[PDB]
There are 2 protein chains.
Amino acid sequence: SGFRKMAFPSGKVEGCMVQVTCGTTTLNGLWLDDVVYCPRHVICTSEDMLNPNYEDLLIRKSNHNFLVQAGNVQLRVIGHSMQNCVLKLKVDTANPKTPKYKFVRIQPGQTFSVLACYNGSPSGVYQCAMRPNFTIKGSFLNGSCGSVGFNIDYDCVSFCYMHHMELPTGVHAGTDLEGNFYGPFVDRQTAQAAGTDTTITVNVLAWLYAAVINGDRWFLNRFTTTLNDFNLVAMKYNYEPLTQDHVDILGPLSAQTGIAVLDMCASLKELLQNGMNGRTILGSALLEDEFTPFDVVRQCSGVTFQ
Amino acid sequence: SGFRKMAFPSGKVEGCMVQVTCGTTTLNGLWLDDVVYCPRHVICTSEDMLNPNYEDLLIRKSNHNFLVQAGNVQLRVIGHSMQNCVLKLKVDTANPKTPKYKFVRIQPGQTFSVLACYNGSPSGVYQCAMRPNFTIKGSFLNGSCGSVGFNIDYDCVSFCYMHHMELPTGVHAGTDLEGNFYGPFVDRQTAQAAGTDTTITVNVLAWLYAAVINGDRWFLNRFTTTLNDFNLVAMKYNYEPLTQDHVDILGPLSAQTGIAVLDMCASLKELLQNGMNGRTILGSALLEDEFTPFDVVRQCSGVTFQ
Ligand SMILES: *[C@H](O)[C@H](C[C@@H]1CCNC1=O)NC(=O)[C@H](CC(C)(C)C)NC(=O)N1CC[C@@H]1c1ccccc1
Ligand SMILES: *[C@H](O)[C@H](C[C@@H]1CCNC1=O)NC(=O)[C@H](CC(C)(C)C)NC(=O)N1CC[C@@H]1c1ccccc1
């Protein structure tokens with residue numbers, strides 16, 4: 001038993017991380033087969049990052065302007081090109097540690113693990129959610145760009161995120177691995193801001209189920225509610241609406257605990273109207289929304305990856 | 001910026017994990033050079049685990065009773081012996097992925113990363129603290145025994161923990177890598193229980209510094225306090241006493257923020273007497289005590305590992 005914010009094991013991704021240097025800018029790259037992926041702003045200087053013309057800046061580079069470093073070994077760049085907001089650096093060596101992988105784009109509400117990296121060297125791993133406003137609440141300092149987010153499915157790594165920038169409220173913005181930003185952000189220095197966020201209702205419910213599986217039951221109640229009456233309360237507290245497909249996805253958790261989904265909604269309603277009254281749920285005094293129904297089943301049943 | 005519960009990258013440890021089977025018991029082992037380490041209760045059956053005589057049980061085994069599996073490759077056991085509560089299984093192949101490592105025992109209050117494993121296959125990674133009562137609040141199911149906890153120091157892996165059992169309150173107990181339990185627990189089925197815990201005061205203070213570094217300042221105050229008067233309040237709220245060495249260790253964080261350690265103590269005192277009043281600190285509505293001063297500096301300054 002127990003419940004923790006759990007990341008995927010990171011070894012398969014660690015073997016792909018390299019350091020990309022252009023001019024006086026160094027960030028991280030992701031090396032798969034004979035291509036290195038990295039944020040395109042590696043080609044900018046300090047005054048470039050104001051309002052750059054990336055096509056203009058790239059036509060003025062050649063292969064030898066890109067220093068790529070895989071540990072203590074230099075990778076020779078033999079071609080380069082831009083794909084939306086990422087660069088693709090063709091190198092003369094295929095990565096022998098290339099895992100089976102996919103490039104997939106995720107939905108707000110889904111989770112993934114981040115391998116934070118500096119100078120091509122991994123620094124730490126943690127679990128993140130894509131917020132409804134397409135930001136993530138990460139931990140990123142100077143030099144961390146090019147770090148990636150991923151999920152693991154048996155032996156296959158689904159890369160979903162590449163880091164690019166921090167917004168004024170201290171939250172983070174990036175692209176999928178085809179270089180397309182999550183949300184309405186650009187890789188320039190403008191006055192861009194996050195945009196109002198909501199709480200991921202389906203995930204809170206899944207986490208309430210994790211609590212029941214782990215022995216926290218004090219918030220359970222005999223009342224029930226219709227889906228419509230629950231969604232009237234969710235709107236009032238800035239929670240996003242719950243749909244019948246969310247109810248269906250909570251089916252397995254409902255059946256393992258014997259608590260009907262709409263009954264758990266009634267519990268959440270009371271928690272929203274009364275608060276917690278000095279108690280905690282799974283070590284938290286807030287309602288947690290960064291575990292999916294899948295995360296709960298995975299952890300509360302013991303699935304591995306090979 | 002940002003602050004997250006961050007684990008070390010796990011790849012160096014993933015390459016050491018194997019599956020150890022004896023009879024109908026399967027758990028995890030740690031394979032370094034030509035030795036596999038695992039919990040000694042792998043040799044017990046269901047009725048054995050009541051009140052076993054492990055020396056008796058081990059003399060009745062031979063090498064061929066231990067099936068060791070490194071992925072899809074079987075490791076031949078050529079010797080075995082008991083070291084306190086772990087078995088050492090000598091195999092005919094040295095692990096080619098053996099990192100530089102040490103076996104070190106930690107203090108209550110220090111942190112480490114756990115690589116949770118089933119059937120020799122890693123499942124997830126997360127950060128833990130050794131509680132003052134020598135338990136850890138983990139996430140462990142059947143089959144997870146033999147999973148290890150570790151820290152990384154540049155390229156060297158300091159193994160500090162091997163998992164053995166869950167206690168009645170849902171918390172977890174294990175040994176260091178020489179097989180000696182943390183705390184007053186035994187590897188038998190008895191009525192053993194955790195024992196009353198305390199809050200790790202020095203870590204709460206470090207986390208308050210992390211908050212200030214990240215822009216949460218609402219809890220700061222103009223008052224100060226003597227160390228003695230703070231420790232009178234800490235005792236009342238089940239916090240452990242703060243020593244002059246703790247103050248010294250908070251020096252660097254004090255100097256980066258400009259907030260004297262005893263001033264931050266005065267802030268903690270007010271937080272203990274008044275609570276939070278509906279506000280949060282680094283996304284938490286509780287005072288968090290599972291980050292060390294080192295964890296805060298590491299994350300808020302960007303140290304990597306190679
Ligand atoms: C690439 O390593 C960095 C990652 C940033 C640095 C601080 N935290 C991060 O996540 N990305 C940038 O530096 C990015 C460059 C472009 C303007 C070209 C997109 N800029 C920012 O992230 N900026 C400029 C304001 C924000 C920032 C916040 C906090 C500290 C430094 C910068
Ligand atoms: C080795 O894989 C397991 C790990 C346990 C299983 C559930 N959570 C864990 O952390 N260790 C044991 O099964 C251990 C064996 C000895 C008695 C020989 C030490 N026993 C327990 O951990 N037990 C028996 C009560 C507690 C338990 C709690 C919850 C579920 C199952 C067992």
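Both backbone and side-chain heavy atoms feed into the values below; hydrogens, waters and symmetry mates do not. Ligands are counted one by one from 1 in listed order, and the atoms in each one are counted from 1 as well. Below, chains carry the letters A, B, ... as their sequence lines are ordered, and counting in each starts from 1.
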Would you verify that at least one protein heavy atom lies under 4.0 Å from [atom], or report that none does?
atom	answer
atom 29 (C) of ligand 2	yes
atom 10 (O) of ligand 2	yes
atom 14 (C) of ligand 2	yes
atom 32 (C) of ligand 1	no
atom 6 (C) of ligand 1	yes

message: Using a strict threshold of under 4.0 Å (side-chain N to carboxylate O), is an ion pair present between B:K61 and B:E55?
response: no
Which ligand 1 atoms does [X] reach within 4.0 Å, using its non-hydrogen atoms?
X	value
A:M165	10 (O), 11 (N), 14 (C), 19 (C), 22 (O)
A:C145	1 (C), 2 (O), 3 (C), 4 (C), 11 (N)
A:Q189	17 (C), 24 (C), 25 (C)

message: Using a plain distance cutoff, I'd like to know if B:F140 has any nitrogen or oxygen under 3.5 Å from a nitrogen or oxygen of ligand 2.
response: yes
- request: Compute the shortest N/O to N/O distance between B:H163 and ligand 2 and return yes if it is under 3.5 Å, no if not.
  value: yes
statement: Heavy-atom proximity to atom 27 (C) of ligand 2 ranks first, among B:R188, B:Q192, B:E166, B:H172, for B:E166
query: Between A:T175 and A:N180, does any side-chain donor sit less than 3.5 Å from a side-chain acceptor?
result: no
- request: Please determine, by modelled atom types, if A:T135 and A:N133 share a side-chain donor-acceptor pair under 3.5 angstrom.
  value: yes
- request: Check whether any side-chain heavy atom of B:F150 sits under 4.5 Å from a side-chain heavy atom of B:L115, and report yes or no.
  value: yes
pair B:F3-B:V296: side-chain heavy atoms closer than 4.5 Å: yes
message: For the CZ atom on B:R188, are there more than 12 heavy atoms of other groups (residues, nucleotides or ligands in this structure) within a distance under 6.0 Å?
response: no
- request: Please indicate whether B:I59 has more than 12 foreign heavy atoms, meaning atoms of other residues, nucleotides or ligands, lying under 6.0 Å from its CD1.
  value: no
query: With under 30° as parallel and over 60° as perpendicular, where do the rings of B:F159 and B:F103 fit, or are they tilted in between?
result: perpendicular
task: Look at the aromatic rings of A:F140 and A:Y161 and report parallel, tilted or perpendicular, splitting at 30° and 60°.
output: tilted
message: When you measure from the heavy atoms of A:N142 to every atom of ligand 1, does any distance fall below 4.0 Å?
response: yes
field: Atom indices of ligand 2 within 4.0 angstrom of B:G143 heavy atoms, with elements
entry: 2 (O)
- prompt: At a non-hydrogen distance cut-off of under 4.0 Å, which region of A:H41 contacts ligand 1 (side chain, backbone, both, or neither)?
  reply: side chain
message: I need the contact type for A:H164 against ligand 1. Using non-hydrogen atoms and a strict under-4.0 Å cut-off, is it side chain, backbone, both or neither?
response: backbone
field: Minimum-distance protein heavy atom relative to atom 18 (C) of ligand 2
entry: B:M49 CG, 3.7 Å
- request: Answer with yes or no after comparing the ring centroid distance for A:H164 and A:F181 against a 6.0 Å cut-off, counting only values under it.
  value: yes
